[PDB]
Each structure stands twice: as structure tokens, then as C-alpha cells.
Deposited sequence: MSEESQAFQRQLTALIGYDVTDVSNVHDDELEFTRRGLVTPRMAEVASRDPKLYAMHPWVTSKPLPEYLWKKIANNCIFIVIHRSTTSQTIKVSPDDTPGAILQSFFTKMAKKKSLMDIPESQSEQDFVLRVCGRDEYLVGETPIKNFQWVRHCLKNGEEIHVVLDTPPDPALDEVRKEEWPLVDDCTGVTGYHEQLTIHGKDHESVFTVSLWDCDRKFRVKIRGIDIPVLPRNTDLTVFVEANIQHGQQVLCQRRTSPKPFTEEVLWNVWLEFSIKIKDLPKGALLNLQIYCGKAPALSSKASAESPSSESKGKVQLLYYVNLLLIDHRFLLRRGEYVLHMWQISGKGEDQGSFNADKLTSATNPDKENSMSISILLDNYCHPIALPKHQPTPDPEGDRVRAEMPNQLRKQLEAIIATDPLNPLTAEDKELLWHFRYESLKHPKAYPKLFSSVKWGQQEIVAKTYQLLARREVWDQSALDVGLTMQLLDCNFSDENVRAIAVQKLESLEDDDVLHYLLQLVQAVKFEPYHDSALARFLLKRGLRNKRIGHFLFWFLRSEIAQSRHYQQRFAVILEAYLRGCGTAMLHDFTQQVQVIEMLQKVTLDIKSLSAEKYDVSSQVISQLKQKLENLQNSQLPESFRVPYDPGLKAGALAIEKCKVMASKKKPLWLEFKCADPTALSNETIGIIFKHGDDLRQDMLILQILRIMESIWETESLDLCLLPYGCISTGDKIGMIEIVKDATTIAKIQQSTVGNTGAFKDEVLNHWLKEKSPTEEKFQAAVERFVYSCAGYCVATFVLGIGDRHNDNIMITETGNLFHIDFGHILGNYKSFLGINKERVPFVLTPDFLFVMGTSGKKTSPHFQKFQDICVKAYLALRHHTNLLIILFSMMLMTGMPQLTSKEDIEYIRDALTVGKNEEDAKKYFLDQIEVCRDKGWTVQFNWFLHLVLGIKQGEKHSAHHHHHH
């Protein structure tokens, strides 16, 4: 390699936040074979992409325009304001006119080398797609904004330049376990449990005789299993556990080269806190000075009434468990089951993966996928096949195949969930890791989010940082030096600000309030960075369209919270931006922003589910991005306050609540009565939409402090790092805005109940998609969630197996529960914080 080729790898390590050219925490070469095996699909995608559309990354949608956005179109006319230097003129356009077709009409109504770019953003309107199919144009319609675009030169694709390049039973010898230290107080006991697993299913289990837990425990015991060597499926894990359950460690029995794992291994294990993705990891603990280590050794046509039972089994939810009777029925009528794509997760669960001949029969089954391949993509079904219950490479590949049909608009909606799904792959190089890699290198928008998602996990997950860092490096080596440049500027800014956030917290106390001495201390620290090595301009990580310029120090502050975060304001680095408004970012340390990311992503999916049934529930999924360990960025919502501060305005630090304050704050932050009516209108949909969503997600009972509202009536829920009770927040202040004064029906209450049940019914139509996203959220995002109890809440919330009116009743009852209590639960929320 070249001297400069090492400076490139050094840059990559600072970007990724982990050194992938590291061999200190491996007992094989799978990560090096994965860096090697990922050069091929990167090169093929870098080569197949059109440089022009790659540089301009048009954000497009093939979905139809909704009935609510059509009602905004007055006489089949859409106006675009085209700007140039100091002048501009409006253009009467048709929803089908492609960017080129309307550029030709601008040049006629009065050089042919300029493209259309949205003012202030790095967002372009290019390609053979109608204007109504550009997401920025749909955003302007929905929020009543005007379309502003500037006539300028298309970015040079030369900036996107990529740098050149046996029939015997299986047995295992347990030698012993060693730990450096353990306190001299409790004289405990210990044993080793070896499991052969595949898709969380335990094929076989052997334990050791229990010996006294000391700093070194030798057994020298051969543990013979019943499963023959040939019967071992690919992806089978040898899960070794220490119970007194304090420690665990996995080792793949079939390596990446299809070779059976043989020889001597001294594995550094993980410790338990106090089921989840972290438990399936092939990674070993990097902490060799403090961790426990086990040392092992390997020296090896159907009848009508049965059709009804089958069809009923196929018609159950993802969490309905399969009896042995059910699995035998599905396997025997294997070919009838194959005619129903909905039965695929259940049919592949019925397979006896520890039987070679039965796996071979399943592979024969998969070879007749005329029904599967010609079926409409069901993301819920496809995700169902990519969770912890599926470890077969070919079962997982039919699902990844179905994802290939997804447009970039939809890949963005499921990206964080698909990135977390890599945690369930037996091997580092997988069809899913390749699909993500390929889709990232193809769209800049997806590559940016892919970068931040992969980077959030590398920074706070030792269990999967090695794997994700190899996937990130493969992406980072194909995005091009324009993207590599932006990521560098973004990484520097977040690191400098993360140092300042952690320094400010230690200075004060989580027991006290912010002082003048802490705010002046922050201003002197920010002034030091600005005129020194703080990048001249960085791209907002949660809004890559925006380029934040220099800080606005005289408006930055330390928030009067308990996790003392930084409220930062930046100037816009685009002189073409239509407004002089700053870019506000909140920098916080002390909560898991990954849990907030996951909720906001479900909230965006729920918004698209309502978009299908022509429903706009006015949700405000704000920007939130996890940048490292318990730290990250959150969007500042302009002209917005909390429901608590509206209550403390009338009476401070209580307790005391009044029903009439929310409707008085709205009539105040309104210039005209027309704008005030629009606020009550926006509150009817945003309140209804948040009531529905928050209930379904089990995060319905929050303090009014974590619920904000904008000066334009837009109510929104915030801070999901958290999770007598209530289903959702419908306090008597919200109800007063809607014209109801407890046990009385007003026109806006009829409207709220109407949209509520219609939004609820609309979500119930995607029950399996919501169940599957939720169950995956709990395994890949929380400390630990029980695989049969914690999830069951969402089945009860979405009322599985009930008719469309008995469920309507259940939700209408939940409306009445929050009205009976009123402010009863809210008072307790203030006694709990004192």
C-alpha cells in the first residue's frame, strides 16, 4: 500500500469511530473475509450508478398524491417561484410537468445548462418524474408554504469521485472458566451450560456438574451432544452460559468458509445486567483485563376440514404460538402452505433445522417460488422473516429479495429497522448487509442516514461494533469524496460539542438549577471553538438538506433541565435561503436517544399508513439522531412551548391546573381570527393522531411536560427515552379547545372521535407490520425485554381477532377513561418529581 493509502484508512477510522484493520478481538478471519467479500458489491454499485442523478440525489415518490393534498390544488395549477441573483418570477405549472418540461417553458416565456434547486437546501428538482412526485413539492402543499427554487448549475459528478483501490454425535470439551476478580464476601456456586442453537431454537443442551465459583474453575469434561455432525445446520451457534446467569458467549459451529469449527478457543464472555439481540452475538468481549473467559476444545388434494385448520393457522398474528400439532400440519401440507405468502414465517418455523434431510426438503420447497416471487411486497411479512426466529441463509434471502422492489422513499422509512435486523444475521457478510450497502451507495440521502445509523451502533454497542464498522467502511469506500468530506465536517462538530456538553453537566449538579456563572462559562467555551478549528459549515445530521453555518453564541444556552443539555443556534450557510431564521440544535447527554429514534421512525411509518387511506393526522416527528454513547442531537422546534409551561404561566410550580389556559395561549399567538381557527383545526388532527399512536405504542401515559404545542395549534409528543394509570393524554385543557366541558358533546369533539377511530381502524389494517416493528424495537433497542410478555401489550392494544366495531368500542372507552380522571394522573406526576 501507499503512504497516502494509510492516511485514507486513518480518516476512515476517525469517521467510523472504530479500527476495522484490527485483529486483537478475533479468533478467526471473518471480519477480514467480510471487508474482502464486500469490495465486489460496492464496485458493482459504484459502477452502475448515474453520476448526475447521484450528485443531485432527487427525492422522489411513485405513490399517488393523497385526497387531502388534491383538495389543496385549486384549478389543477401549482405555482413555482424561480429565482436568479436578485430577481424572481412565478410560473403556472401542471402537476405532471417534469423539471425539464417547465424549464423549457421558463426559457420560452422571456443558458440551457442550469438545474432547479430548492432555496437554502441542497435539494434538487431533476429527472423524468412529475413535480407532484417530488417530496419537497408535497411538503410545501401540506404545510401551505410556497415553492422556492433558484436557477443554478448542476453539481459536478467529479465531486462524487471514489478513490481507486460425519455420522458421529457432536461433542465439546469444557476445560474451565477464569475471572480476574470477584469480591471476598459471598461464597457462591457455578455451572456451564452449552446449547446448540439455530434461530433461537435450542437443538440440544448439555450442562456441567456444579463446582465452587473461584477465580479459576477447571472441569476437563467432554460434553457429548445427541445431534450428529451432519445434522448441524449452517448458522448454528454453540451458546456457552455461566449460571449461579452471569455470563454468556457464542461461537458459530459452521464458519464463513462452510468449515466445521475445530481446535482450541479461549473466549472472553459478556456479563449480564439486572430476550434481546445482544445475546446472539458471535463477538467476544474486548475487555480482557476485567472479563471472564471459558476455554473449550473441538476435535470433530387435502380435505375440506383440514384446509380450514390450515387456513386458520395462517390467519393468526406473528406472536400467536405454534403448537406441535400446528407445526406438523404446516409441514405435511407444505405445498398448500407455499401457495400463501402470509404462511411463510409460520411454515419456516415448522422446519426441523437440526435435521439435514428436512432442511434439504425445505430447500426443495424454496425452489418453487412462483407464488412468492409474484406476490405483492408485504414489508411486515418480509421483516417477520428477518428477525431472531430465522437463521437460515436461504429463508433470510427470499425476504431480502422482496426488499429489492422497495423505492428509496420506503427504504428510508425502514432503514433503521433493517440496520438493527443485521444484529440477527448469523454471519457478518449477509444478503441484508449487502442490500443496505448497495442501497446506501445508490442514494446519497440513504447513505447519510445509513452512516449515522451504523455510527450510532458502533459507538455504543461492543456486541456489534466490529460487524457494523466493516459494513460502514465498505459504504465509506464508495460514497465519494464529496460525501466523505461532509461526514468529516459533521463528525468534528458533534465531537467538539459533545466535549462541551459533558463539561457543562459536571460543573453544576442534577439536584440544582442553571446559574449566570454556568451560562457565561458556556459562552466563553463556544467563543474559543468558533474562531479556531470548528468547521466553517456542516450538514445537519437529522436534515442533510440543511447546511448549518457559524454558531449564534448570543442565543446559545444551557437548558434548565436535569440532564443540562445545550440549546444551540446556528446561522444558515446558504445565502440563497428564503429566510433569515437560525438552525436550532439541542445537544443532550443522559438519555438513550436510540429509543427516541425508534419511536419517531414508527411514527413516520404510521403517518405513511394514514397517507394510504387519505388521512393527515398532523404528527410532528422531529429530528433526533444518536451520535454516540447516551448522547446525540435533537431538533429545535421554532415557535413551540410545552403544555406544562402554558399551565405554569397561570400558576407556577404546582400542582394547580386550569382548564382554560391552552385556548387562551392559542388566541394570543394568532394575528387574525382566521389563523386562530387554523390552530384549533391543526390541534384536532395532531391531538387525535397522537392519542391513537401513543396508545398503540404503549407509551400513552406521559406527563404534560413532555407534550409540546406550536403557536399554529400543532401538538406533538417529545422525549421517548422514558419507557392508577391512563391510556393517553386527553386532559380537560385539550377538551376545552374542542368545545367540550366534561360530559357534553361539541362539533369538534365529534370530529376528534371521528378521526380517532378512523386512524385507529387504518392502523389495525397493518397489525402484523406494527407488531413486528414493535417486537424488533424491544429486542434491538431496550436493556432487556421478555420474548413472550412485554410484546403481548401491542396485541391487546390493536385488539387482535376482534371485529371492526367491538375494537371501535374499546378505543371509545379509552377516550372516556382519560375524561373520568381528568387531571388525577397529572397531579401525581408532580408529586413523583418531588
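Engineer: Identify which parts of the deposited sequence carry no C-alpha coordinates, going from the N-terminal end onward.
Structural biologist: According to the record, the gaps fall at 111 to 124, 180 to 214, 294 to 317, 348 to 354, 381 to 403, 827 to 838, 950 to 966.
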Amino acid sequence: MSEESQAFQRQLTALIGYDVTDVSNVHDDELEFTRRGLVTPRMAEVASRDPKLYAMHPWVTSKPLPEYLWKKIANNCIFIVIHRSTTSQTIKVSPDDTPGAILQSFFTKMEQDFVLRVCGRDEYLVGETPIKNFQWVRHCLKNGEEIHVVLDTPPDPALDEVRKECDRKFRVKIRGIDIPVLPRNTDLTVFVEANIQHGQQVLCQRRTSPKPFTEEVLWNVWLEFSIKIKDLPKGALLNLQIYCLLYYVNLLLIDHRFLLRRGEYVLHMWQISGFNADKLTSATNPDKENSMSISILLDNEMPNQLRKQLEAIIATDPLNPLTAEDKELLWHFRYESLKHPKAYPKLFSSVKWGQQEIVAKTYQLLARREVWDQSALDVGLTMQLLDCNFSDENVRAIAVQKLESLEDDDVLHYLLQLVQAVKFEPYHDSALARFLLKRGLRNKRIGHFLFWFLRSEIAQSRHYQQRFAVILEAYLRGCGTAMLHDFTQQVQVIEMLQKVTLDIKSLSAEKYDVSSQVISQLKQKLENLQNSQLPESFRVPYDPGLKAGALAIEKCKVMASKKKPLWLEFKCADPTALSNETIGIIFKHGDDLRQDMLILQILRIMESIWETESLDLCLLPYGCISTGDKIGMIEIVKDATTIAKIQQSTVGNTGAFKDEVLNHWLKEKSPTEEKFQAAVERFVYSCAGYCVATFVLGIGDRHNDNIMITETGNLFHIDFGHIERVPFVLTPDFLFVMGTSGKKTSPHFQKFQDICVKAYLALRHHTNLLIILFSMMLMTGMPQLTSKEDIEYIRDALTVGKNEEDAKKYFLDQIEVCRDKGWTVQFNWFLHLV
From here on, numbers count along this sequence of modelled residues.
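Definition used throughout: the rigid core is the maximal C-alpha set that superposes within 1.5 Å between two forms.
Engineer: May I ask which stretch, 757 to 765 or 740 to 748, sits farther from the shown form in 8 other deposited structures of this protein once every structure is superposed on the core, judging by RMS CA distance?
Structural biologist: When 757 to 765 and 740 to 748 are compared in 8 other deposited structures of this protein, 740 to 748 lies farther out.
Engineer: With the rigid core as the fit anchor, does 388 to 396 or 617 to 625 show bigger C-alpha shifts in 8 other deposited structures of this protein?
Structural biologist: Of the two stretches, the larger average C-alpha offset in 8 other deposited structures of this protein falls on 617 to 625.
Engineer: Is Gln374 one of the residues left unmodelled in a third or more of the other entries compared?
Structural biologist: No, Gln374 is modelled in every other compared entry.
Engineer: I'd like to know whether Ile723, which is modelled here, goes unmodelled in a third or more of the other compared entries that cover its flanking residues.
Structural biologist: Counting only entries that model residues on both sides, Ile723 is unresolved in at least a third of them.
Engineer: So 560 to 568 or 451 to 459, which one's hotter by mean CA B-factor in the entry?
Structural biologist: The entry gives the higher C-alpha B-factor average to 560 to 568.
Engineer: Per the entry, where is the mean C-alpha temperature factor higher: 769 to 777 or 49 to 57?
Structural biologist: Averaging CA B-factors over each stretch, the winner is 49 to 57.
Engineer: Among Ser405, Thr214, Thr481, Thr488, where is the Cα temperature factor highest, going by the PDB entry?
Structural biologist: Among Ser405, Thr214, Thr481, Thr488, the highest C-alpha B-factor in the entry belongs to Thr214.
Engineer: Between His256, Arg604, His748, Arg477, let me know which has the highest C-alpha B-factor in the entry?
Structural biologist: Going by the entry's C-alpha B-factors, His748 comes out highest.
Engineer: Taking the chain's C-alpha temperature factors as the reference, tell me which third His428 falls into: lowest, middle or highest.
Structural biologist: Bottom third by C-alpha B-factor.
Engineer: Comparing against every modelled residue in the chain, figure out the third that the C-alpha B-factor of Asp22 lands in (lowest, middle or highest).
Structural biologist: As the PDB entry reports it, the C-alpha B-factor of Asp22 lands in the middle third of its chain.
Engineer: Please place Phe134 in the lowest, middle or highest third of its chain by C-alpha B factor as given in the entry.
Structural biologist: According to the entry, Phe134 has a C-alpha B-factor in the chain's middle third.
Engineer: Compare the C-alpha B factor of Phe736 with those of the other modelled residues in its chain, then answer lowest, middle or highest third.
Structural biologist: It belongs to the highest third of the chain when residues are ordered by C-alpha B-factor.
Engineer: Could you look up the Cα B-factor of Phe225 in the entry and say which third of the chain it sits in: lowest, middle or highest?
Structural biologist: For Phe225, whose C-alpha B-factor we compare with every modelled residue in the chain, the answer is the middle third.
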